[PDB]
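Chemist: Please find one structure pasted underneath; my questions will follow.
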Amino acid sequence: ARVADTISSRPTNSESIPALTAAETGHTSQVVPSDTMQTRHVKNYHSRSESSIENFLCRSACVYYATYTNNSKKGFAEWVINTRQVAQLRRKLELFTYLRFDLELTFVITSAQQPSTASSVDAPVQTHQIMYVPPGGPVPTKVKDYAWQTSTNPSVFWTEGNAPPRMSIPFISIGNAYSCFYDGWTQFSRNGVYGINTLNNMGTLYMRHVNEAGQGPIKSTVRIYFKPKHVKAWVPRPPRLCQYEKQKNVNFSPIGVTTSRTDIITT
Amino acid sequence: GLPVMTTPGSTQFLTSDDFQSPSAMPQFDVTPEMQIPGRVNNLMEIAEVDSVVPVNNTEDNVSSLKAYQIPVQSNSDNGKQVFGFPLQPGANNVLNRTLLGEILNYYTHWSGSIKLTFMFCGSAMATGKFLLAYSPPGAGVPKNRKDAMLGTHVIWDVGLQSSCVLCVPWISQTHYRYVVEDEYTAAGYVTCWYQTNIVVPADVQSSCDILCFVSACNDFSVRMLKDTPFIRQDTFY
Amino acid sequence: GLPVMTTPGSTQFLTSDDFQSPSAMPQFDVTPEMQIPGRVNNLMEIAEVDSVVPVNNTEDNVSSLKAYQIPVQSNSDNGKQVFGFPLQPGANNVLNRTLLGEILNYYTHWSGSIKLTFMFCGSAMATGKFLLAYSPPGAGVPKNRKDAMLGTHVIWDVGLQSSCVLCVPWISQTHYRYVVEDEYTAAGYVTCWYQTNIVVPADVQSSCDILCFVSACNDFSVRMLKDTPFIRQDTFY
Amino acid sequence: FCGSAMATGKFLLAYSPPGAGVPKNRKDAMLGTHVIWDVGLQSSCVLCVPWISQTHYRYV
Amino acid sequence: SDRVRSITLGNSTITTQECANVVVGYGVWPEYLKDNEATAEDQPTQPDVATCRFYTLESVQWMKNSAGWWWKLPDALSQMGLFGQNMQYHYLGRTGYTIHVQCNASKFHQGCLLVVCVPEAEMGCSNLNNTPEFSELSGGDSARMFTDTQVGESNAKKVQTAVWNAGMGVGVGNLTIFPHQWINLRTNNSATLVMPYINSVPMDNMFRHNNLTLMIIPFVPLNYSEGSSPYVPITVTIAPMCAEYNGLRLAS
Amino acid sequence: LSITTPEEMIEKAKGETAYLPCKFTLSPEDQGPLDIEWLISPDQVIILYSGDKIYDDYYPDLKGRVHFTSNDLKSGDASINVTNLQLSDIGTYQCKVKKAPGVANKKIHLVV
Amino acid sequence: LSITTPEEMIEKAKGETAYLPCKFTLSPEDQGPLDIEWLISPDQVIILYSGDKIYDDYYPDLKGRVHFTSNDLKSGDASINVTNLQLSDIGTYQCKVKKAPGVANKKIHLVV
Amino acid sequence: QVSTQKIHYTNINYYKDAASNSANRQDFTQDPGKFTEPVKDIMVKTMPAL
Amino acid sequence: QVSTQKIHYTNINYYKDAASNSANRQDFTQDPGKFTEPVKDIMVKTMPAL
Amino acid sequence: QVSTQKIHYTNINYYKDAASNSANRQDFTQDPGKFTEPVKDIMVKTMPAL
């Protein structure tokens with residue numbers, strides 16, 4: 001996928017003017033630098049490979065991290081899956097209006113000891129369980145419960161000191177593409193919240209320890225990493241300028257177009 | 001029991017890896033695709049769209065629509081300057097927040113040439129001529145019309161058609177250029193000068209305005225994807 | 001010593017993996033199979049069986065056989081309603097515990113059309129006509145016969161044959177629909193109205209009853225297997 | 001348009017078939033048959049009303 | 001020549017003496033729903049003469065201190081004849097528009113408009129935690145207008161109408177990536193766009209979801225000397241192309 | 001879970017009956033048990049709803065003056081009717097709803 | 001980050017105005033916030049520049065006698081103008097600039 | 001199965017799904033004509049626009 | 001050995017048992033006629049049933 | 001794919017880049033004539049130089 005080359009030119013003087021045009025018709029001009037000056041025939045060997053979509057989006061980024069204490073009641077972390085909470089990834093998604101991708105979830109789980117009181121503490125390697133619940137399934141309330149094990153929801157079991165776990169999720173949606181924006185309400189009487197869609201629900205993630213409280217509390221921390229693959233994008237969109245403020249809506253505070261300079265001719 | 005030996009680099013998590021992965025829900029059947037209009041296939045189909053360049057900042061017009069207009073008035077003396085800025089499309093604070101500049105602030109290296117579409121949004125009976133000069137670096141900025149007409153320039157006349165695309169060429173020692181403000185690979189300056197005055201008949205306003213676009217050519221290219229400096233964060237929403 | 005590198009995702013236990021495994025008792029010879037009648041090959045050979053719809057709950061008939069009967073009496077005034085419910089086959093508490101509803105509460109998405117077999121289980125000399133209407137959403141429920149006859153409806157007569165299958169179509173913007181109670185993908189309402197009265201000769205009882213079935217068409221489909229919310233537990237037995 | 005040369009404008013030439021009254025707003029008259037006329041170099045516009053009638057003829 | 005066009009549809013006809021070329025969507029023309037893409041189980045209805053004609057919205061006065069206007073596109077045509085009545089009795093429906101906006105001045109006025117058609121334009125509220133209501137987001141055939149000043153915090157549910165952010169928190173200079181045209185009183189008089197059906201589902205309800213937005217923003221403001229005509233109106237005309245519906249019900 | 005307007009200002013007169021609305025919708029992931037609170041900060045609970053039974057003797061100044069409105073609380077109704085408004089009812093009211101895995105607030109500022 | 005001449009000797013006379021230059025360029029990796037110090041060891045800070053605002057009341061003997069020179073400090077200017085030189089201004093001055101991930105020093109020996 | 005890189009390389013699919021494959025990274029096609037010139041009447045460079 | 005997925009994929013059996021293979025997941029056949037119409041005399045849609 | 005060592009050996013490229021391959025270690029070519037005799041008129045061993 002090489003770029004176009006450039007062909008040489010001669011000093012012309014004629015009626016065919018390539019430089020004068022009219023931008024009224026919404027037609028961005030397609031001129032070459034060989035039309036306004038004299039160029040040489042340059043063999044051009046650059047590549048437009050890294051500007052494609054599958055090289056721009058298929059990179060891993062953190063989406064969320066929650067902590068949970070082993071020595072607690074309701075010590076476990078729930079998180080509804082959505083891209084809207086981080087900001088370095090969200091701005092990359094709103095360049096396009098309709099996206100379509102599968103997903104490669106990856107978790108990086110670390111642990112830390114809390115200031116316990118017991119004497120000569122020692123614990124073996126821990127075990128974590130990351131349960132994935134599709135939208136509608138029964139969810140657990142406390143950690144010591146039978147709804148964690150006796151279920152056919154796809155969970156993953158991981159012990160420390162190994163490679164990080166990774167599962168893959170295909171395109172789970174009802175429409176034909178994920179809608180990054182939805183102008184219009186969700187109730188037919190046109191009351192209530194504004195931009196809430198039911199087209200990009202993927203489910204929740206329930207994470208907890210498997211061991212029991214031996215002698216000292218352990219506070220863990222788990223990051224979640226996306227990786228969109230096979231991505232097809234549609235209908236591009238100008239990039240977000242003002243700062244984000246909420247995860248659901250698009251509200252903002254006004255600010256100027258760019259930072260200023262001293263005078264219109266100051267370089 | 002095939003004998004294997006594990007190379008260094010195992011049991012790691014590289015954030016740009018290309019590996020297969022076991023699925024979670026097997027035998028899933030996706031919903032079939034649709035012919036949605038407007039399929040983008042490459043991010044070099046976005047830099048070839050024009051966008052208005054806010055070339056009139058001056059600390060009072062930044063929170064307004066006045067930042068896109070260049071005031072052009074019927075001057076009394078001849079040979080004055082209209083505007084001017086260096087050509088650093090990821091480093092200057094005029095070509096920064098445009099549509100080209102918010103693509104180059106995801107990459108590190110760039111190449112190719114740049115089109116600069118102008119447009120005379122003035123009256124119909126007011127005419128004039130302009131000189132659109134681009135001076136390569138090595139010297140300072142030009143300061144007279146006598147110094148700026150030595151570079152590369154077109155002479156624009158306004159008539160029925162009301163546009164003129166100065167296509168700056170690619171004159172550089174290196175095969176690429178940085179997007180951050182460096183001194184080694186600077187790209188000179190672009191100025192614009194009065195050729196003649198803006199004459200005008202009776203009972204017409206004088207101060208006509210000019211818009212200015214920017215776009216990339218057909219041979220633009222980028223490299224070395226990085227993360228943008230324009231969006232900060234301190235909590236989860 | 002072939003050189004290998006272990007990708008991330010190793011030494012884990014995914015609960016829906018597809019991997020081989022070493023056997024415990026090698027060279028085991030299983031007992032040979034038999035032609036047992038009634039082999040199920042797919043769970044869409046269960047949704048195509050009818051089942052009676054408990055459409056008469058009303059807090060007093062739930063612990064009885066009265067929940068399956070719809071009381072139809074010789075009314076005095078004309079144009080009254082027989083029953084009515086929204087069509088959410090995993091969310092409503094009438095189509096929940098039927099044979100179709102206990103398959104859809106293992107999956108998440110569904111599609112296709114639904115058949116609704118009725119049956120007049122009344123006397124032999126009593127006749128009448130009924131109007132079986134299905135209104136797509138966007139408005140409220142219909143409230144008169146004048147408002148419900150605008151939708152999709154059949155007009156049922158009772159004679160020798162004593163059934164009528166209103167086949168509701170698949171009218172939806174999306175390729176699938178949720179099974180939990182959502183407002184975005186609701187599927188309207190199904191009502192049933194008196195066309196004429198139930199006339200009856202002398203020395204015959206008046207209050208005839210009507211049963212109602214439900215089933216799926218030949219083009220039903222599901223997706224995204226989940227675990228059911230209908231069975232709880234607190235100990236091992 | 002027998003006006004000046006530097007004066008421009010646009011007009012809406014509507015024809016409403018009977019059954020209702022006369023139109024009274026532009027919102028009511030743009031539902032019928034209409035052309036939208038611009039004045040430029042050419043200075044004419046021929047609204048050709050069609051023949052919409054139940055009968056094969058009409059009285060005078 | 002190359003300056004005159006004459007687009008007709010149904011029983012109406014829009015003619016222009018001075019206008020530029022027409023810009024059509026993202027390169028496709030609005031055609032009917034093919035049988036591979038459909039998902040509804042019944043047969044659609046196609047009026048095709050009763051809807052495909054040029055409805056005309058209200059007009060707005062272009063003052064010197066103007067800011068901008070916007071319309072939500074399958075909502076301004078809610079009361080316009082047989083399109084507004086087929087939109088209520090049905091449940092689904094896809095459309096393709098042919099937007100046309102016209103504004104004439106003499107050879108002595110100066111100014112420049114920007115006519116853009118934004119798909120899925122979510123707007124921002126005044127307060128950061130609320131959402132704008134329906135009555136302050138769009139109007140039946142009446143243009144809602146921007147301002148040049150930031151809306152104060154004392155309002156509960158009002159749209160942020162700062163024009164340099166275009167309501168959506170985005171830079172207004174980058175708005176030309178959408179299909180667009182320029183009205184410039186020097187050389188142009190009328191702008192025209194043809195917009196195909198752009199949605200993530202093959203058909204959609206029309207009362208809950210406005211899937212287009214026609215914005216008009218004056219970059220170079222109107223200016224003239226004393227003695228010229230001070231009242232310059234803008235008037236937009238929209239015509240649906242190749243519409244069809246499904247799913248009869250009661251009125252609502 | 002999401003409330004229609006997470007903050008507003010309500011202006012009423014003394015002796016009247018206030019109507020503090022709290023409505024919501026239900027995203028498809030929300031499958032747990034319901035929970036509804038109400039607060040005041042002129043952080044004291046004034047009413048509860050958990051386990052399908054109402055408990056409402058919590059604030060001594062508002063004893064027997066506040067009630068729920070609807071009979072269909074699991075459909076998106078959580079409004080309360082404050083009867084016999086007095087001058088000392090100034091404060092921000094907080095409608096906390098928590099159906100797992102969702103949670104939302106609504107800070108109602110009431111000034112008479 | 002790199003300064004032009006990391007040490008030199010400057011010889012001036014009493015009553016004059018010293019001009020201690022400190023210029024630099026910017027490598028492309030330097031993207032953090034700016035920081036500029038000045039020291040003396042006849043290790044006391046005499047001026048600061050951090051967070052775009054100047055703080056300059058630090059040395060009691062040089063109170064209100066030292067200022068920055070340029071208005072364009074983020075372009076490679078960090079020179080200071082020492083007014084009213086006295087005999088007790090003998091010592092090595094240290095221009096510490098720290099724009100992350102770069103750091104540089106400049107030990108200026110001033111003898112009058 | 002075997003193709004060129006940016007010499008050759010060998011890629012084998014292991015799992016029997018479609019969402020389990022690696023990223024393609026080699027879908028090299030573009031068509032900027034649907035963004036630059038979305039007009040009806042065609043436009044030549046050399047001739048004047050009006 | 002090599003077959004299509006939901007492009008191709010390669011599956012090799014390693015152990016020499018039958019209970020050691022992976023799950024099939026591709027037994028796509030159905031016959032609902034033994035549950036819907038389990039009758040003796042055949043029944044047409046268009047004609048009346050009795 | 002298969003070549004000789006310093007008998008044969010088998011080398012397969014796995015990743016689909018070019019900077020991911022192993023080192024070559026077998027680029028055996030040399031040409032010392034551009035350092036020893038960088039002159040214009042050619043010089044014979046046997047004859048005298050001037």
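Residues in the structure tokens are named by chain (A, B, ... in the order shown) and by number from 1 within that chain; ligands are numbered from 1 in the order shown.
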Which polymer residues have any atom within 10 Å of an atom of region 7-18 of chain F, counting only C-alpha atoms, with same-chain residues fewer than 5 positions away left out, as a ChimeraX atom specification?
Modeler: /E:127,129-130,154-157 /F:66,80-87,89,92-94,105-112
Chemist: From the DSSP assignment of the backbone, select every residue of chain G that is strand (DSSP E), and format the answer as a PyMOL selection string.
Modeler: chain G and resi 2-3+7-11+18-20+24-25+35-38+47-50+53-55+66-68+80-82+91-94+107-111
Chemist: Could those residues be written to a file, using N, CA, C and O atoms, as a compact mmCIF listing (two decimals), in the first residue's frame?
Modeler:
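Printed below is again-v5.txt as written:
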```txt
# COMPACT_ATOMS: atom_id res chain seq x y z
N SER G 2 19.86 20.95 27.69
CA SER G 2 21.29 21.24 27.64
C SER G 2 21.48 22.75 27.65
O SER G 2 20.80 23.47 26.92
N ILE G 3 22.40 23.21 28.48
CA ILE G 3 22.75 24.62 28.59
C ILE G 3 23.96 24.88 27.71
O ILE G 3 24.73 23.96 27.42
N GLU G 7 29.91 26.17 32.67
CA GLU G 7 30.62 27.01 33.63
C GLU G 7 31.44 28.05 32.89
O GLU G 7 31.95 27.81 31.79
N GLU G 8 31.55 29.23 33.51
CA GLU G 8 32.42 30.29 33.02
C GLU G 8 32.76 31.21 34.18
O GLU G 8 32.30 31.02 35.31
N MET G 9 33.57 32.22 33.89
CA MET G 9 33.92 33.26 34.85
C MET G 9 33.46 34.60 34.31
O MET G 9 33.73 34.93 33.16
N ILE G 10 32.76 35.36 35.15
CA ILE G 10 32.26 36.68 34.78
C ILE G 10 32.90 37.70 35.71
O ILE G 10 32.87 37.53 36.94
N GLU G 11 33.48 38.75 35.13
CA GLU G 11 34.16 39.80 35.89
C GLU G 11 33.45 41.12 35.65
O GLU G 11 33.44 41.62 34.52
N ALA G 18 24.93 43.05 36.77
CA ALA G 18 25.39 41.79 36.22
C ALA G 18 24.32 41.18 35.33
O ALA G 18 23.12 41.42 35.50
N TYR G 19 24.77 40.37 34.38
CA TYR G 19 23.89 39.68 33.44
C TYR G 19 24.35 38.24 33.37
O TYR G 19 25.29 37.92 32.64
N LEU G 20 23.71 37.37 34.15
CA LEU G 20 24.07 35.96 34.22
C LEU G 20 23.19 35.18 33.27
O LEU G 20 22.01 34.94 33.58
N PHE G 24 18.82 27.52 26.89
CA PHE G 24 18.75 26.09 26.64
C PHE G 24 17.95 25.83 25.38
O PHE G 24 17.33 26.73 24.81
N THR G 25 17.98 24.59 24.94
CA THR G 25 17.11 24.08 23.89
C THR G 25 16.26 22.97 24.47
O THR G 25 16.33 22.66 25.66
N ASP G 35 10.45 23.91 35.38
CA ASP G 35 10.98 24.20 36.70
C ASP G 35 12.31 24.90 36.50
O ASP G 35 13.15 24.41 35.74
N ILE G 36 12.51 26.03 37.18
CA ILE G 36 13.74 26.80 37.07
C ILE G 36 14.12 27.29 38.47
O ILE G 36 13.30 27.90 39.16
N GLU G 37 15.35 27.01 38.88
CA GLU G 37 15.88 27.46 40.16
C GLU G 37 17.08 28.36 39.94
O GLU G 37 17.58 28.50 38.82
N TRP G 38 17.56 28.95 41.02
CA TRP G 38 18.85 29.62 41.05
C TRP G 38 19.40 29.49 42.46
O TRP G 38 18.65 29.61 43.43
N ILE G 47 15.57 32.55 43.61
CA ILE G 47 14.39 32.81 42.80
C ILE G 47 13.84 31.46 42.36
O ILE G 47 14.52 30.44 42.44
N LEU G 48 12.58 31.44 41.94
CA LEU G 48 11.92 30.22 41.51
C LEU G 48 11.08 30.50 40.27
O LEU G 48 10.74 31.65 39.98
N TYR G 49 10.74 29.44 39.56
CA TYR G 49 9.75 29.52 38.49
C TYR G 49 9.10 28.15 38.37
O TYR G 49 9.72 27.22 37.83
N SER G 50 7.87 28.03 38.84
CA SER G 50 7.14 26.78 38.76
C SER G 50 5.65 27.08 38.79
O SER G 50 5.20 27.90 39.59
N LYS G 53 4.04 30.93 37.71
CA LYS G 53 4.06 32.10 38.58
C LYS G 53 5.40 32.19 39.28
O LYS G 53 5.95 31.18 39.73
N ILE G 54 5.91 33.40 39.38
CA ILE G 54 7.23 33.66 39.94
C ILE G 54 7.12 33.86 41.44
O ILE G 54 6.23 34.58 41.92
N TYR G 55 8.01 33.23 42.19
CA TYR G 55 8.17 33.46 43.62
C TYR G 55 9.61 33.88 43.86
O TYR G 55 10.53 33.15 43.50
N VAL G 66 16.99 41.20 42.33
CA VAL G 66 17.17 40.26 41.22
C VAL G 66 15.83 40.01 40.55
O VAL G 66 14.79 39.90 41.21
N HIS G 67 15.86 39.94 39.23
CA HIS G 67 14.66 39.74 38.43
C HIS G 67 15.02 38.88 37.23
O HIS G 67 16.17 38.84 36.81
N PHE G 68 14.01 38.22 36.68
CA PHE G 68 14.19 37.61 35.37
C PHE G 68 14.25 38.70 34.30
O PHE G 68 13.83 39.84 34.52
N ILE G 80 19.04 36.15 34.48
CA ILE G 80 18.63 37.09 35.51
C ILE G 80 19.54 38.31 35.47
O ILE G 80 20.68 38.26 35.02
N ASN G 81 18.99 39.44 35.93
CA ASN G 81 19.69 40.71 35.98
C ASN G 81 19.92 41.06 37.44
O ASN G 81 18.97 41.40 38.15
N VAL G 82 21.17 40.98 37.89
CA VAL G 82 21.51 41.32 39.27
C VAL G 82 21.85 42.80 39.30
O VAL G 82 22.90 43.22 38.80
N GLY G 91 30.36 34.34 44.87
CA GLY G 91 29.91 32.97 45.04
C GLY G 91 29.48 32.36 43.73
O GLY G 91 29.22 33.05 42.74
N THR G 92 29.41 31.04 43.73
CA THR G 92 29.02 30.30 42.54
C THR G 92 27.50 30.24 42.44
O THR G 92 26.83 29.83 43.38
N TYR G 93 26.97 30.64 41.29
CA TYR G 93 25.54 30.64 41.04
C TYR G 93 25.19 29.45 40.15
O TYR G 93 25.92 29.15 39.20
N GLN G 94 24.08 28.79 40.46
CA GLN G 94 23.73 27.51 39.86
C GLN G 94 22.34 27.62 39.24
O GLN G 94 21.35 27.73 39.97
N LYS G 107 27.05 26.24 36.50
CA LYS G 107 27.71 26.85 37.64
C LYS G 107 28.43 28.12 37.18
O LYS G 107 29.50 28.04 36.57
N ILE G 108 27.85 29.27 37.49
CA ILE G 108 28.40 30.56 37.09
C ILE G 108 29.20 31.12 38.25
O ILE G 108 28.65 31.39 39.32
N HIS G 109 30.50 31.31 38.04
CA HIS G 109 31.37 31.89 39.04
C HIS G 109 31.46 33.39 38.80
O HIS G 109 31.95 33.83 37.75
N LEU G 110 31.01 34.18 39.77
CA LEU G 110 30.96 35.63 39.65
C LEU G 110 31.95 36.25 40.61
O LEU G 110 31.83 36.07 41.83
N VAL G 111 32.92 36.97 40.07
CA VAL G 111 33.96 37.63 40.86
C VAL G 111 34.00 39.09 40.45
O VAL G 111 34.16 39.40 39.27
```
Chemist: Fit chain J to chain H, all Cα atoms paired in order, least squares. Then write it as a compact mmCIF listing (two decimals) with N, CA and C atoms, in the first residue's frame.
Modeler:
```txt
# COMPACT_ATOMS: atom_id res chain seq x y z
N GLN J 1 -2.43 -19.63 4.70
CA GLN J 1 -1.70 -20.32 5.74
C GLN J 1 -0.30 -19.74 5.88
N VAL J 2 0.41 -19.64 4.76
CA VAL J 2 1.73 -19.02 4.71
C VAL J 2 1.67 -17.79 3.82
N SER J 3 2.17 -16.67 4.32
CA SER J 3 2.13 -15.42 3.58
C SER J 3 3.37 -14.61 3.93
N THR J 4 3.47 -13.44 3.31
CA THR J 4 4.63 -12.57 3.48
C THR J 4 4.45 -11.66 4.68
N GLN J 5 5.57 -11.18 5.20
CA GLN J 5 5.56 -10.19 6.26
C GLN J 5 6.05 -8.86 5.72
N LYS J 6 6.21 -7.89 6.62
CA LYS J 6 6.54 -6.53 6.23
C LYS J 6 7.96 -6.39 5.70
N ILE J 7 10.69 -12.85 2.28
CA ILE J 7 10.58 -13.68 3.47
C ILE J 7 9.13 -13.94 3.80
N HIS J 8 8.86 -15.05 4.48
CA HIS J 8 7.51 -15.51 4.74
C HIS J 8 7.32 -15.81 6.22
N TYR J 9 6.09 -16.14 6.58
CA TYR J 9 5.79 -16.61 7.92
C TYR J 9 4.57 -17.52 7.86
N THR J 10 4.45 -18.37 8.88
CA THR J 10 3.47 -19.45 8.89
C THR J 10 2.48 -19.21 10.01
N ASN J 11 1.20 -19.17 9.67
CA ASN J 11 0.14 -18.94 10.65
C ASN J 11 -0.88 -20.05 10.57
N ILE J 12 -1.16 -20.67 11.71
CA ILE J 12 -2.11 -21.78 11.81
C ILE J 12 -3.21 -21.37 12.77
N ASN J 13 -4.46 -21.58 12.37
CA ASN J 13 -5.57 -21.38 13.29
C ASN J 13 -5.77 -22.63 14.12
N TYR J 14 -5.92 -22.44 15.43
CA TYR J 14 -6.02 -23.56 16.36
C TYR J 14 -7.43 -23.77 16.88
N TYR J 15 -8.04 -22.74 17.44
CA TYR J 15 -9.36 -22.87 18.00
C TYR J 15 -10.39 -22.90 16.88
N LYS J 16 -11.54 -23.51 17.16
CA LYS J 16 -12.59 -23.62 16.16
C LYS J 16 -13.68 -22.58 16.34
N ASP J 17 -13.30 -21.34 16.62
CA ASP J 17 -14.19 -20.20 16.55
C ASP J 17 -13.68 -19.21 15.51
N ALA J 18 -14.38 -18.08 15.41
CA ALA J 18 -13.93 -17.00 14.55
C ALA J 18 -13.39 -15.82 15.33
N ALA J 19 -13.83 -15.64 16.56
CA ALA J 19 -13.32 -14.58 17.42
C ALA J 19 -12.04 -14.96 18.13
N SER J 20 -11.48 -16.12 17.82
CA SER J 20 -10.26 -16.58 18.45
C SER J 20 -9.02 -16.33 17.61
N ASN J 21 -9.17 -15.90 16.36
CA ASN J 21 -8.00 -15.67 15.53
C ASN J 21 -7.27 -14.41 15.97
N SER J 22 -6.03 -14.29 15.52
CA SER J 22 -5.25 -13.10 15.79
C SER J 22 -5.72 -11.95 14.90
N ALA J 23 -5.23 -10.75 15.20
CA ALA J 23 -5.59 -9.59 14.41
C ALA J 23 -4.99 -9.68 13.01
N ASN J 24 -5.70 -9.12 12.04
CA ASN J 24 -5.28 -9.26 10.65
C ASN J 24 -4.04 -8.42 10.36
N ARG J 25 -4.10 -7.12 10.67
CA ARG J 25 -3.05 -6.12 10.49
C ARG J 25 -2.61 -5.94 9.04
N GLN J 26 -3.30 -6.53 8.07
CA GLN J 26 -2.89 -6.44 6.67
C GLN J 26 -4.09 -6.26 5.76
N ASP J 27 -5.02 -5.40 6.16
CA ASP J 27 -6.16 -5.04 5.33
C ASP J 27 -5.81 -3.70 4.68
N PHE J 28 -5.03 -3.75 3.62
CA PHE J 28 -4.52 -2.54 2.98
C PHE J 28 -5.41 -2.21 1.80
N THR J 29 -6.43 -1.40 2.05
CA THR J 29 -7.24 -0.82 0.99
C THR J 29 -7.77 0.52 1.48
N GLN J 30 -7.89 1.47 0.56
CA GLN J 30 -8.43 2.77 0.87
C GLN J 30 -9.14 3.33 -0.35
N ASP J 31 -10.06 4.26 -0.10
CA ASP J 31 -10.85 4.88 -1.17
C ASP J 31 -11.30 6.23 -0.64
N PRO J 32 -10.47 7.26 -0.78
CA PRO J 32 -10.83 8.57 -0.23
C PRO J 32 -11.83 9.34 -1.06
N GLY J 33 -12.30 8.79 -2.18
CA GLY J 33 -13.20 9.51 -3.07
C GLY J 33 -14.58 9.75 -2.49
N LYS J 34 -14.96 9.00 -1.46
CA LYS J 34 -16.25 9.20 -0.81
C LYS J 34 -16.19 10.23 0.31
N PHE J 35 -15.08 10.95 0.45
CA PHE J 35 -15.00 12.02 1.43
C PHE J 35 -14.53 13.31 0.78
N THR J 36 -13.63 13.19 -0.20
CA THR J 36 -13.11 14.38 -0.85
C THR J 36 -14.08 14.93 -1.89
N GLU J 37 -14.57 14.08 -2.79
CA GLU J 37 -15.48 14.49 -3.85
C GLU J 37 -16.81 13.75 -3.75
N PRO J 38 -17.67 14.13 -2.80
CA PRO J 38 -19.00 13.52 -2.69
C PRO J 38 -20.06 14.26 -3.48
N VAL J 39 -19.77 14.57 -4.74
CA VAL J 39 -20.65 15.40 -5.54
C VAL J 39 -21.26 14.56 -6.65
N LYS J 40 -22.23 15.14 -7.35
CA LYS J 40 -22.96 14.43 -8.39
C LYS J 40 -22.33 14.65 -9.76
N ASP J 41 -22.23 15.90 -10.20
CA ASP J 41 -21.52 16.19 -11.43
C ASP J 41 -20.03 16.10 -11.18
N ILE J 42 -19.31 15.43 -12.09
CA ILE J 42 -17.89 15.18 -11.86
C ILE J 42 -17.10 16.46 -12.10
N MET J 43 -15.93 16.55 -11.47
CA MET J 43 -15.15 17.78 -11.43
C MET J 43 -13.74 17.49 -11.88
N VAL J 44 -13.28 18.22 -12.89
CA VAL J 44 -11.94 18.06 -13.44
C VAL J 44 -11.02 19.06 -12.76
N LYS J 45 -9.74 18.72 -12.66
CA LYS J 45 -8.78 19.62 -12.03
C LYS J 45 -8.52 20.84 -12.90
N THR J 46 -8.30 20.63 -14.20
CA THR J 46 -7.78 21.70 -15.05
C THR J 46 -8.83 22.75 -15.39
N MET J 47 -10.08 22.36 -15.57
CA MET J 47 -11.09 23.32 -15.97
C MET J 47 -11.55 24.15 -14.77
N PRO J 48 -12.10 25.34 -15.01
CA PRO J 48 -12.67 26.11 -13.91
C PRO J 48 -13.93 25.45 -13.36
N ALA J 49 -14.20 25.72 -12.08
CA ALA J 49 -15.24 24.98 -11.38
C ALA J 49 -16.64 25.44 -11.77
N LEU J 50 -16.80 26.69 -12.17
CA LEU J 50 -18.12 27.19 -12.53
C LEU J 50 -18.14 27.71 -13.97
```
Chemist: Between C:108, C:196, C:98, C:78, which residue has the minimum interatomic distance to chain A, considering only C-alpha atoms?
Modeler: C:108
Chemist: Find the distance between CA of residue 110 (chain A) and CA of residue 132 (chain A) and write it in Å to one decimal.
Modeler: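 Computed distance, CA of residue 110 (chain A) to CA of residue 132 (chain A), equals 19.6 Å.
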Chemist: Write out as a list in words each polymer residue whose atoms come within 9 Å of residue 122 (chain C), counting only C-alpha atoms; drop sequence neighbours fewer than 5 positions from it.
Modeler: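 So the residues in contact are residues 207, 208, 209 and 210 of chain C.
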Chemist: Return the neighbours of chain J among the residues of chain B, cut-off 12 Å, counting only C-alpha atoms, as a ChimeraX atom specification.
Modeler: /B:17-19
Chemist: Using only C-alpha atoms, which residues sit within 9 Å of residue 173 (chain E) once same-chain residues fewer than 6 positions away are excluded, as an mmCIF file with C-alpha atoms, in the first residue's frame?
Modeler:
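Output contents, as saved in selection36.cif:
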```cif
data_model
loop_
_atom_site.group_PDB
_atom_site.id
_atom_site.type_symbol
_atom_site.label_atom_id
_atom_site.label_comp_id
_atom_site.auth_asym_id
_atom_site.auth_seq_id
_atom_site.Cartn_x
_atom_site.Cartn_y
_atom_site.Cartn_z
ATOM 1 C CA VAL A 257 -10.831 26.905 20.636
ATOM 2 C CA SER B 51 -11.077 22.388 8.317
ATOM 3 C CA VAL B 52 -11.046 26.042 9.278
ATOM 4 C CA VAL B 53 -7.776 27.263 10.786
ATOM 5 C CA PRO B 54 -8.174 29.532 13.859
ATOM 6 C CA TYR B 68 -11.558 32.041 12.277
ATOM 7 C CA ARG B 97 -6.679 21.793 17.243
ATOM 8 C CA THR B 98 -7.648 21.496 13.588
ATOM 9 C CA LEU B 99 -8.729 18.215 12.025
ATOM 10 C CA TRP E 164 -17.775 27.887 19.404
#
```
